[PDB]
Amino acid sequence: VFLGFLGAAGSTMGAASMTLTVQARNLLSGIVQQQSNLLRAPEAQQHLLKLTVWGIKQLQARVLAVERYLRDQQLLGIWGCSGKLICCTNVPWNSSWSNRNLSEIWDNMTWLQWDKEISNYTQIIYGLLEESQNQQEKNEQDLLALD
Amino acid sequence: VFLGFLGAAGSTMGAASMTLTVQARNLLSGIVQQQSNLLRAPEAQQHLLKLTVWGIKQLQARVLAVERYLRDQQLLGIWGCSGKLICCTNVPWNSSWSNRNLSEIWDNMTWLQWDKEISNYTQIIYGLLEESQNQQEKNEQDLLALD
Amino acid sequence: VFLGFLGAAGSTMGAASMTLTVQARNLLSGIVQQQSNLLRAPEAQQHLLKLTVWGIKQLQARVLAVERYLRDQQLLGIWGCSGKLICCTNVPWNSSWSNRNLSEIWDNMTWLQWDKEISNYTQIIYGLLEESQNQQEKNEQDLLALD
Amino acid sequence: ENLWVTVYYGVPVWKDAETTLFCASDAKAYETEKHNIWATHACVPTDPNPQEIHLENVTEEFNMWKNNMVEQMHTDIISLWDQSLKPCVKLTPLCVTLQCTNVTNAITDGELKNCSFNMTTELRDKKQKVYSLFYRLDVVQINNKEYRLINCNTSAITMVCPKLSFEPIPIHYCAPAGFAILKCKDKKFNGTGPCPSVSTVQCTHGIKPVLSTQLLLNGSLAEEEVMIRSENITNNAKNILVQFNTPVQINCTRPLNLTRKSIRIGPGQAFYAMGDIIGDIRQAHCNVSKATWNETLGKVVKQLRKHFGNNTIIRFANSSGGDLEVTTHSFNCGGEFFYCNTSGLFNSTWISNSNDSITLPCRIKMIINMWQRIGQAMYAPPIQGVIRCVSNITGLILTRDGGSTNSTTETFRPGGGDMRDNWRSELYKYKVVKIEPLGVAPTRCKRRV
Amino acid sequence: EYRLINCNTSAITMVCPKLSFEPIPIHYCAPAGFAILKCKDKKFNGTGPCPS
Ligand SMILES: *[C@@H]1O[C@H](CO)[C@@H](O[C@@H]2O[C@H](CO)[C@@H](O[C@@H]3O[C@H](CO)[C@@H](O)[C@H](O[C@H]4O[C@H](CO)[C@@H](O)[C@H](O)[C@@H]4O)[C@@H]3O)[C@H](O)[C@H]2NC(C)=O)[C@H](O)[C@H]1NC(C)=O
Ligand SMILES: *[C@@H]1O[C@H](CO)[C@@H](O[C@@H]2O[C@H](CO)[C@@H](O[C@@H]3O[C@H](CO)[C@@H](O)[C@H](O)[C@@H]3O)[C@H](O)[C@H]2NC(C)=O)[C@H](O)[C@H]1NC(C)=O
Ligand SMILES: *[C@@H]1O[C@H](CO)[C@@H](O[C@@H]2O[C@H](CO)[C@@H](O[C@@H]3O[C@H](CO)[C@@H](O)[C@H](O)[C@@H]3O)[C@H](O)[C@H]2NC(C)=O)[C@H](O)[C@H]1NC(C)=O
Ligand SMILES: *[C@@H]1O[C@H](CO)[C@@H](O[C@@H]2O[C@H](CO)[C@@H](O)[C@H](O)[C@H]2NC(C)=O)[C@H](O)[C@H]1NC(C)=O
Ligand SMILES: *[C@@H]1O[C@H](CO)[C@@H](O[C@@H]2O[C@H](CO)[C@@H](O)[C@H](O)[C@H]2NC(C)=O)[C@H](O)[C@H]1NC(C)=O
Ligand SMILES: *[C@@H]1O[C@H](CO)[C@@H](O[C@@H]2O[C@H](CO)[C@@H](O)[C@H](O)[C@H]2NC(C)=O)[C@H](O)[C@H]1NC(C)=O
Ligand SMILES: *[C@@H]1O[C@H](CO)[C@@H](O[C@@H]2O[C@H](CO)[C@@H](O)[C@H](O)[C@H]2NC(C)=O)[C@H](O)[C@H]1NC(C)=O
Ligand SMILES: *[C@@H]1O[C@H](CO)[C@@H](O[C@@H]2O[C@H](CO)[C@@H](O)[C@H](O)[C@H]2NC(C)=O)[C@H](O)[C@H]1NC(C)=O
Ligand SMILES: *[C@@H]1O[C@H](CO)[C@@H](O[C@@H]2O[C@H](CO)[C@@H](O)[C@H](O)[C@H]2NC(C)=O)[C@H](O)[C@H]1NC(C)=O
Ligand SMILES: *[C@@H]1O[C@H](CO)[C@@H](O[C@@H]2O[C@H](CO)[C@@H](O)[C@H](O)[C@H]2NC(C)=O)[C@H](O)[C@H]1NC(C)=O
Ligand SMILES: *[C@@H]1O[C@H](CO)[C@@H](O[C@@H]2O[C@H](CO)[C@@H](O)[C@H](O)[C@H]2NC(C)=O)[C@H](O)[C@H]1NC(C)=O
Ligand SMILES: *[C@@H]1O[C@H](CO)[C@@H](O[C@@H]2O[C@H](CO)[C@@H](O)[C@H](O)[C@H]2NC(C)=O)[C@H](O)[C@H]1NC(C)=O
Ligand SMILES: *[C@@H]1O[C@H](CO)[C@@H](O[C@@H]2O[C@H](CO)[C@@H](O)[C@H](O)[C@H]2NC(C)=O)[C@H](O)[C@H]1NC(C)=O
Ligand SMILES: *[C@@H]1O[C@H](CO)[C@@H](O)[C@H](O)[C@H]1NC(C)=O
Ligand SMILES: *[C@@H]1O[C@H](CO)[C@@H](O)[C@H](O)[C@H]1NC(C)=O
Ligand SMILES: *[C@@H]1O[C@H](CO)[C@@H](O)[C@H](O)[C@H]1NC(C)=O
Ligand SMILES: *[C@@H]1O[C@H](CO)[C@@H](O)[C@H](O)[C@H]1NC(C)=O
Ligand SMILES: *[C@@H]1O[C@H](CO)[C@@H](O)[C@H](O)[C@H]1NC(C)=O
Ligand SMILES: *[C@@H]1O[C@H](CO)[C@@H](O)[C@H](O)[C@H]1NC(C)=O
Ligand SMILES: *[C@@H]1O[C@H](CO)[C@@H](O)[C@H](O)[C@H]1NC(C)=O
Ligand SMILES: *[C@@H]1O[C@H](CO)[C@@H](O)[C@H](O)[C@H]1NC(C)=O
Ligand SMILES: *[C@@H]1O[C@H](CO)[C@@H](O)[C@H](O)[C@H]1NC(C)=O
Ligand SMILES: *[C@@H]1O[C@H](CO)[C@@H](O)[C@H](O)[C@H]1NC(C)=O
Ligand SMILES: *[C@@H]1O[C@H](CO)[C@@H](O)[C@H](O)[C@H]1NC(C)=O
Ligand SMILES: *[C@@H]1O[C@H](CO)[C@@H](O)[C@H](O)[C@H]1NC(C)=O
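Chains as they are written, first to last, in the entry's author numbering: chain H, 506, 519 to 664; chain B, 506, 519 to 664; chain N, 506, 519 to 664; chain A, 32 to 134, 140 to 142, 149 to 188, 191 to 309, 312 to 323, 323A, 324 to 398, 405 to 406, 412 to 505; chain M, 188, 191 to 241.
Here you go:
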C-alpha cells in the first residue's frame, strides 16, 4: 500500500521498508509543480525588471534541487551498487557502532530514532564502504580475469 | 548505418531498433549548440539590462532539458534495469492490452502508429513494472542470500 | 593513500590508478563551495540590479558544470559499463594505434604523456566501443534468452 | 501467445508540442560595427552546418493558421524594440512654440517648413534661438503663425539613439534539446493537411525581418507557379496571401540632399535636425517596371480563376480609407520611413480574353508610432546625404469585397495593417515536435530470475 | 565668471556618500571542472617551464 509521501514516517524499520520509491521520486519529480515557471504571455513594459528578479529565485531552487540529487546518487557508484534501491556491501558490522541484536531493531524502532543513534558513526561507516569495493574492483576482478 | 537524428522514423519496429543511441545522445548532447551562451566580450553600458533579460530565456531551456532527462532515466532504475538501452522486465503481456500476434508488429508497423494503440494502456503497463521488480529485490534476493 | 585532488598527476599509470575516486568527486562535489550563492539577507534598493547581473555569472558555472558531467557519464552507458569506475570492453588493441609492450607503459609513463600519444586515435578507439556492445545487447542476449 | 514486456529507450516517436525557441542569429567579429537592434545580446553565433535528414514514409499534418512561431515572432519583435530603447534620450524640451514659415517663394503643389525656437546652451540658464527644417506632416497648428509638434498632448517622443542601426539581418529560429522542427518539402502545399515529404531540421533558414504593408519585400519565392493562399476563401475578412516565383524589382530614392545640425540638449546628450537643402527640392519616388508588373498580374488572375470560376471578370481597385499605414506602402530603408502612393499599380481589369517604368509618388515623415501604443512615439534622426535602395517584390496581401449582388465581377484590393501576415507567409512549412524516448513492446525475453 | 571643467561633454555623477572605495582582498576561484596551478620556482622570469 502507498500512503503518499512520507506516510511511513511513523512505521517500523520493517514496515516502512516497503515504501522506498515514494521518497525517491518526490525528491526530484516533485518539480512538476515548478515547471509552471514558463509563465503566461507577459504584457508590455512597467515591471519588466520584476519579471527577472523573481526569475532567479525560482531557478536557484530548481538547480539546487538537481545538483544535490546527483552527488547522493553518484556516491552509490563509489560503493559499488548503482541503480539498486537496496544493495548489500559486505562490510562487517562492528559491535562498537551500535547495540542490542538484529531483531529489536526491525520490529519496534522507527528510522528517525535509529538515525539518531547511528549518526555519530556515519562518517566511519561510509569509510569502509569505499574500501571493500576498491579491493574488489582493481584487485579481484583483474586477477579473476587472467586466472 | 546511421542516418542521423530521427532518420528511422519511417522504418519498421524491426529496422528502426538499430538506431536507439541516436535519439539518446541528441536528447541531451545536442546542447553543444547552446554552450555558446558564454558570449563574446561585451561592451560598456547601454543595454546592460537586455543582456540579462535574454539570459534567463536561454537558461530555462538549458535547465528544463536537464531535469526532464533525469526523471526518465531514474524511472528505469525503479524497474530494475538502469544503464541498459534494452532491458527485459518479466511481466506477462496481457492479451487485452493489444492484438494480433508478435510478427505483424515487427515487420510492417512503425513505432509511431504502434505508440497510438498502446498509449491508452501505458499507465497500467508501467504499473506492473514496478511490482515485478519490488518482489525480486526485497523478497527474493534477501532470501537467496541466507538460503 | 589519498594525497588530495590531482596529487597523482606525476605518478605512474600503475601508481596513479589507485586514486580515481578523487578526481571524480571533485569534478562535481567541489560545488559545495558554490552553494554559498544563497547569499546573506540583502538590504534595500540601491544596487538591486547588481544583485542579479552577478547572479547569472554565478549560475552559468553551476549549470555548465552539471551538463558537461552527465554527457560523459552517459557515454559509459553506451559502451555497456555504467556505474563502474573500471570496466573492460572486449575490443582488440590494434597494434597500429600505439607501441612498445604492456609493461613499459604501466611502470615508467605518466597518464599525461600517455594521453598525448593516444589522443590522435581517440575518436576511432571510441568508435569500436559502441560496436562491440551493440552486437552483444541486441543480438546475443535475445538469442541466449530463447535458446 | 505468452509474451513478456521489453523496454526500449531512444525510439523515434513524436508528440506535438508548444515551446519557446532560440533566437540564433549569424555572427562575425563586428569590432567596429555599431550595436544592431535586431541581434546583439539576444542571439548566439549559428551552427555553420545544418543537416537536413530526409525521412522515409512519414506523412505529417501541418497547419499554418494555428502555428505558434508566427504568434511569438510578433511578441519578440515588440520586446526587441522595447528593450533597446531604455537608455535613449527623451525629447521633452521640444514641446515649445515654433515661429515657422514656408521655404519657397512660389507654391506649385510646399513640403518642408522652416522653424525657430529657444534652446539651452551649456549653462542651463541661458537661452538661444535655434532653427530646424521640419516636414509639414510632423507639424500641427496651435491657433507667426505658431506651431508645435504632432504629439505634445499624450506622448513622450523618445529619440532613437544615433549609435543604433535598424536593418534586416537573418534570424534563424532554433529548438533546444528535446525538441525538433519539421520542414515540409511538398511543392503544392496550400497550408493545411498532410505533407507527404517531411524532413527534420535543426534550424530554419535565415529570415530577414522587414516590416512592410501591402507588399512583401525581400521574401522567399515559390517553386513552380504562383501560390495563392488563404484561410476560408469565401470569407471576406480573411486576407489573401500571394507568393511569386520570380522577383519583381523596384528602385527607390530620395533625390534631395541634406545635412545635420547638432543642437545640444544636455550634458552629453545632443539632438539631430535638418539643416539645409544643398541643391534643389525634389519629391521622393519609386519606380516599378510596367511590362514586368503586367505579366506578374497575368499569373495572379490565372490562378484566382480556379477558386472562383473560369468565365468571371477579375478587377483590381486601390483602397477605401484609413491612416497612412494601411492606405499606402510602408518601407524601412536606409534609415528613413517612406509611405508611397500605390494607386498606380492596383488599377486594371481582366476579361478572360520595353523600358517604360511606373513612377510612384512618396511621402516622408520622421515621427512614427509603430503598433499604436498609447502615449509612445519614436523619432528617426536624419541621414546625411541622398538615399538609394533596390528591392524585390515577392508577394501581395489582397482582400476581397463581396457584397450580396449577382454580378460576375470580383474586385481585389491590397491590404495592410497586421504584422502577422508578414510572418505567417514565411514560417508556413514548419511544426515543432517533442521526442518521447521510452516505449514498450511485447516479446519473448524473460529477465532470467 | 568661471565654471566647472566639463560642462561641454560630461555628466558629472556625484559618487554616493554611503559608498566606500577601499582595497579589500579578492580571491579568484575556479568552478567545478577547472583548476588553477601555482608556480613555486623562485627564479621564474615569466615564461617557459616551471619545475615545481
Ligand atoms: C532588400 O534587400 C536588399 C538587398 O540586400 C537591401 O539592399 C541593401 O540595403 C542596405 C541598406 O543599409 C545597403 O547597405 C548600404 O549599402 C551602401 C552601398 O554604397 C553603403 O554605402 C552603406 O554603408 C553605410 O552604412 C551605414 C549607413 O549610415 C553607415 O553606418 C556606414 O558607415 C556606411 O556609410 C550600406 O552598406 C546594402 O548595400 C543593400 N544591398 C545591396 C546588395 O545593394 C534592401 O535594403 C532590402 N529592402 C529593405 C526594404 O530593407
Ligand atoms: C487546401 O488543401 C486541402 C487539401 O489539399 C483542401 O482540403 C480539402 O477540402 C475539401 C473541401 O471540399 C474536402 O472535400 C470534402 O471532403 C468531405 C469529407 O472529408 C466531403 O464530405 C465533402 O463532400 C468534400 O468532398 C477535402 O476532403 C479536403 N482534402 C483532404 C485531403 O481532406 C483545402 O480545401 C485547400 N484549401 C483551399 C482554400 O482550397
Ligand atoms: C626568461 O627565461 C627563459 C628561460 O629561462 C629564457 O628563455 C631562453 O631564451 C634564450 C634566448 O637566447 C634561448 O636560447 C636560444 O635557444 C635556441 C634554441 O632554443 C638557440 O637556437 C639559440 O642560439 C639560443 O641558445 C633559450 O633556449 C631559452 N630557454 C629555454 C629553456 O628554452 C628567456 O630568454 C628569459 N627572458 C628574458 C627576457 O631574459
Ligand atoms: C518505406 O517502408 C518500407 C517498408 O514497408 C521500406 O521497405 C520496402 O518494403 C516493401 C514491402 O516490404 C518492399 O517491396 C520494398 O522493396 C522495400 N524497399 C526497399 C528499398 O527494399 C521502404 O524502403 C520505405 N521507403 C523508402 C523510400 O525507403
Ligand atoms: C505656406 O504654405 C501653405 C501651404 O500651401 C499655405 O497654406 C494655405 O493656407 C491658407 C490659410 O487658410 C489656406 O486657405 C490655403 O488653402 C493654403 N494653401 C494654399 C496653396 O494657399 C500658406 O499660405 C503659406 N504661407 C503663407 C505665409 O502664405
Ligand atoms: C530658414 O530660416 C533661417 C532663419 O530663420 C535661414 O537662415 C538665414 O539665412 C540667411 C542667408 O541669406 C543668413 O543671412 C541668416 O543669418 C540666417 N539666419 C540664421 C539665424 O542663421 C535659412 O536660410 C532658412 N532656410 C531655408 C532653406 O530657407
Ligand atoms: C491635443 O488635443 C486637443 C484636443 O483634441 C487638440 O485641440 C483641438 O481641440 C478641438 C476641441 O477639443 C478639436 O475639435 C480639434 O480637433 C483639436 N485639434 C486637433 C489638431 O486635434 C490639440 O490640437 C492636440 N494637440 C496636439 C499637439 O495634438
Ligand atoms: C550632398 O552635399 C554634400 C555637401 O554637404 C556633398 O559633399 C561634397 O561633395 C563635393 C564633391 O565631391 C566635395 O568637394 C565636398 O568636399 C563635399 N562636402 C562634404 C562636406 O563632404 C555631396 O556630394 C552631395 N551629394 C550629392 C549626391 O550631390
Ligand atoms: C533599377 O536600377 C538598376 C540599377 O541599379 C537597373 O539596372 C540597370 O538596367 C539597365 C537597363 O536595363 C542596364 O543597362 C544596366 O546594366 C542595369 N544595371 C546593372 C548593374 O545591371 C534596373 O533596370 C532598374 N530597374 C527598374 C525597374 O527601373
Ligand atoms: C484611388 O484612390 C484615390 C484616393 O485614395 C481615389 O481618389 C479620389 O477620386 C475621386 C474621383 O472619383 C475624387 O473626387 C477624390 O477627391 C479622390 N480622393 C482624394 C483623396 O483625392 C480614386 O478614386 C481611386 N481610384 C482611382 C481609379 O484612381
Ligand atoms: C495617389 O495618387 C493618385 C494619382 O496617381 C491621386 O489621385 C489624384 O487626386 C488629385 C486630388 O484631387 C486629383 O487632382 C488628380 O487628378 C488625381 N489623379 C488621377 C490620375 O485621377 C491620389 O489622390 C493620391 N493619393 C492621395 C492620398 O492623395
Ligand atoms: C533580388 O532579385 C534578384 C534577381 O533574382 C537577385 O539577384 C540574383 O539574380 C540572378 C540573376 O542572374 C539569380 O540567378 C540569382 O539567384 C539572384 N540571387 C543571388 C543571391 O545571386 C537578388 O539576390 C534578390 N535580392 C535578394 C535580397 O535576394
Ligand atoms: C568647451 O569647448 C570649447 C571649445 O574648445 C571651449 O572654448 C574654447 O574654444 C576655443 C575655440 O573653439 C579653443 O581654442 C579654446 O581652447 C577653448 N578653451 C578651452 C579651455 O578648451 C570651452 O572652454 C569648453 N568648456 C569647458 C567647460 O571645457
Ligand atoms: C570497532 O570500533 C572500535 C572503535 O570504533 C575500534 O577500536 C575497533 O577496532 C573496531 N573493530 C573491531 C572491534 O573489530
Ligand atoms: C537480544 O538482547 C536482549 C537484551 O540485550 C535480550 O533480552 C534478548 O533475549 C536478546 N535476543 C534475541 C531478541 O534473540
Ligand atoms: C556522540 O558523540 C559524542 C562525542 O564523542 C558523545 O559524547 C556522545 O555520547 C555520542 N552519542 C552517541 C549516542 O553515541
Ligand atoms: C487483462 O486486462 C483486463 C482488462 O485490462 C483485466 O480485466 C484482466 O484481469 C487482465 N489479465 C488477464 C486476463 O490475465
Ligand atoms: C496472426 O494473426 C493473423 C490474423 O489474426 C493471421 O492471419 C496469421 O495467420 C496469424 N499467425 C502468424 C502470423 O503466425
Ligand atoms: C482509448 O480509451 C478510450 C476511453 O475508454 C476508448 O473509448 C477508446 O476506444 C480507446 N482506444 C483504444 C485504441 O484502445
Ligand atoms: C589497425 O589500424 C590500421 C590503421 O589505423 C588499419 O588499417 C587496420 O585495419 C587495423 N587493424 C588490424 C591491422 O587488425
Ligand atoms: C618490449 O620492447 C622493448 C623494446 O621494443 C624490449 O627492449 C623489451 O625486451 C620488450 N619486452 C618486454 C618488456 O617484456
Ligand atoms: C597525429 O596526426 C597527425 C596527422 O596525421 C600526424 O602528422 C602525427 O604524426 C600524428 N602523431 C602521432 C603521435 O601519432
Ligand atoms: C496588360 O496586358 C494585357 C494583355 O496583353 C492587356 O489586355 C492589358 O491592357 C495590359 N495592361 C493592363 C494595365 O492590364
Ligand atoms: C474551368 O477551366 C478548367 C481548366 O482546365 C477546367 O478544368 C474546368 O473544368 C473549367 N470549369 C468549368 C465550370 O468550365
Ligand atoms: C486608373 O485607371 C484608369 C483607366 O485605365 C487610368 O486612366 C488612370 O490613369 C489610372 N490611375 C492612375 C493613378 O494611374
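For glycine and all other residues, C-beta sits at the position ideal for the given N, C-alpha and C.
| Item | Value |
| --- | --- |
| Under a criterion of Cβ closer than 6 Å to any non-hydrogen atom of ligand 22, which residues qualify, in chain order? | N:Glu634, N:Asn637 |
| Please tell me whether N:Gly572 has its Cβ less than 9 Å away from any Cβ of chain M. | no |
| If we ignore side chains and look at the alpha-carbon of each, how far apart do N:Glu560 and A:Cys378 end up? | 49 Å |
| Name the one or two DSSP bridge partners that residue 30 of chain A has. | Here chain A comprises residues numbered 32 to 505, so residue 30 of chain A is not present and cannot be evaluated. |
| As a quick exercise: from N:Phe522, N:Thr529, N:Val506, N:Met535, pick the residue whose alpha carbon is nearest that of N:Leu629. | N:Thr529 |
| Between which residues of its own chain and N:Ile622 is the CB-CB distance below 8 Å, once the five residues before and five after are set aside? | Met530, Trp631 |
| Is there contact between the stretch 219-238 of chain A and the stretch 59-69 of chain A, where contact requires at least three CB pairs shorter than 8 Å? | no |
| Looking at the unbroken beta strand (DSSP E) that takes in A:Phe468, where does it start and where does it end? | 465-470 |
| So, is the C-beta of N:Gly524 closer than 9 Å to a C-beta in chain H? | no |
| Tell me the DSSP secondary structure of B:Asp664 in three-state form. | coil |
| Give the residues whose C-beta lies closer than 5 Å to at least one heavy atom of ligand 7, in chain order. | A:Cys196, A:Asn197 |
| Going by the CB atoms, is the gap between B:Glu584 and H:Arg579 shorter than 9 Å? | yes |
| Just confirm the distance between the C-beta atoms of A:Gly472 and A:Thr257, as a whole number of angstroms; I'd bet it's less than 8 Å. | 4 Å |
| At a Cβ cut of 9 Å, what residues of the stretch 528-542 of chain N count as close to chain M, listed as they run along the chain? | none |
| Buried or exposed: which applies to A:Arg273, given that a residue is buried once 16 or more other Cβ atoms fall within 10 Å of its Cβ? | buried |
| Could you tell me which chain N residues have their CB closer than 7 Å to the CB of A:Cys501, listed as they occur along the chain? | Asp659, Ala662 |
| If you follow the alpha helix (DSSP H) that A:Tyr40 is part of, which residue opens it and which one closes it? | Element bounds for A:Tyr40: not the alpha helix (DSSP H) but the beta strand (DSSP E), 35-40. |
| Is there a Cβ from chain N that is less than 9 Å from the Cβ of A:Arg469? | no |
| Specify the secondary structure class of B:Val580 as computed by DSSP and reduced to three states. | helix |
| Does the separation of the CB atoms of A:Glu381 and A:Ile423 fall below 9 Å? | no |
| Pull every residue with its beta-carbon under 7 Å away from any heavy atom of ligand 3, and keep them in chain order. | M:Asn234, M:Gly235, M:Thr236, M:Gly237, M:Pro238 |
| Any chance the CB of residue 588 of chain A is under 8 Å from a heavy atom of ligand 4? | Coverage of chain A is limited to positions 32 through 505, which leaves residue 588 of chain A absent and any answer about it impossible. |
| Strictly below 8 Å CB to CB, what residues from chain N border B:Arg579? | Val580, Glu584 |
| On a Cα-Cα basis, can you pick out the residue from A:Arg360, A:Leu494, A:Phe210, A:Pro291 that is closest to residue 470 of chain B? | The structure shown has nothing for residue 470 of chain B, since chain B only spans 506 to 664. |
| Residues of chain H with CB under 8 Å from A:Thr106, in chain order? | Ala558 |
| Classify H:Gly644 as helix, strand or coil using the three-state DSSP reduction. | helix |
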